[PDB]
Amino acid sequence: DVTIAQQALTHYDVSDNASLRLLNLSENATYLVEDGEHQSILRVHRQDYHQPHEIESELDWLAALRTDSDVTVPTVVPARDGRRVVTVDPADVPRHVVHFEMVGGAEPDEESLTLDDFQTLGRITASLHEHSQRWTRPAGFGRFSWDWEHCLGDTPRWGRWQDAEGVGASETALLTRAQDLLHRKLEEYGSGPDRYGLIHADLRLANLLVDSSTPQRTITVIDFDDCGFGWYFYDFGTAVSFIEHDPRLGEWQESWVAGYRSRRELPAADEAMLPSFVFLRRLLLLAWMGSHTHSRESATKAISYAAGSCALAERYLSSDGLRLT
């Protein structure tokens, strides 16, 4: 994808011979572009995940967040013809590219919020929810959904968690029972406008870049590429991506909730669904892991993640879905 990034440079005012540094951000290939003093960020979208109008819809939310919310987000750099999404075609399908202004914290080594910063993540998430709830979306807005069907049902976007390495007979029993309880809890919770709407859907600590390691600093939310319709509190599950099994989960939750409630109400019935959303994220990430596992080395990691998913499932089942610790 480096050659795609180079092709894309010709569409921007930054020199075509600018240096490119691959950054450790996003499932897409994202590069720090350096042209003498100038720094900027080039995102090369992976193949087949979005159509261009969907990317344009993400960028429309970013534009509204920039002007109408207190959340700091990326600023798009238009191409030389004014367009926001550059599509480039090599031989052997076309690839979409978006160019952003430099973000504090993106220069290697990339600096983001840490495990000490769940509260700040919660507060920023509440601000994203508040904006989403009041924003009148453009005509023609289009983004995909993180509903049951597209997570765990008939059209799973990251594949089946059942197919991951390490997910055998005993694990599939535990995980299916907990999944089915989660499904029933989600059906009861419903998808009314107070509970479901436009979300970032990847609000991991690593996606909030900072210009300082000490609080009171500029925090930029990056990587809106999974944004779409889903449960608002699924964003909390994403906050603990890959770390759901840590014994500190309860402390992290309390910190995140304190930050969230500083900006937006978090009612008891929503707080009571936070473990469900953690478990939803866990199954999704187990599916993602399985989709990208096909070796002995990858298998050991999937095996261990599957085992921690089962420990969480047992806690979920024994508490009737109310607790993971």
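Heads up: residue numbers just count along the shown sequence, starting at 1.
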(message) Are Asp92 and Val93 truly consecutive in the deposited sequence, or are residues between them missing coordinates? Give the number as none, 1 to 3, 4 to 9, or 10 or more.
(response) 1 to 3
(request) Return whichever of 113-121 and 73-81 has the greater mean Cα B factor according to the PDB record. (result) 73-81
(request) Compare the mean C-alpha B-factor of 29-37 with that of 61-69 as given in the PDB entry, and name the stretch with the higher value. (result) 29-37
(request) Could you say which of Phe277, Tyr49, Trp288, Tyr260 has its CA atom at the highest B factor, as listed in the PDB entry? (result) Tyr49
(request) Between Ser170, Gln216, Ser241, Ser191, let me know which has the highest C-alpha B-factor in the entry? (result) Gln216
(message) Lowest, middle or highest third: which one holds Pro108 when the chain's residues are ordered by CA B-factor from the entry?
(response) highest
(message) Looking at the temperature factor on the CA atom of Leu205, which third of the chain's modelled residues does it land in?
(response) middle
(message) Which third, lowest, middle or highest, does the C-alpha temperature factor of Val88 belong to within its own chain?
(response) highest
(message) Ranking every modelled residue in this chain by its Cα temperature factor as given in the entry, which third contains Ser212?
(response) highest
(message) What third of the chain does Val98 rank in for C-alpha temperature factor, lowest, middle or highest?
(response) middle
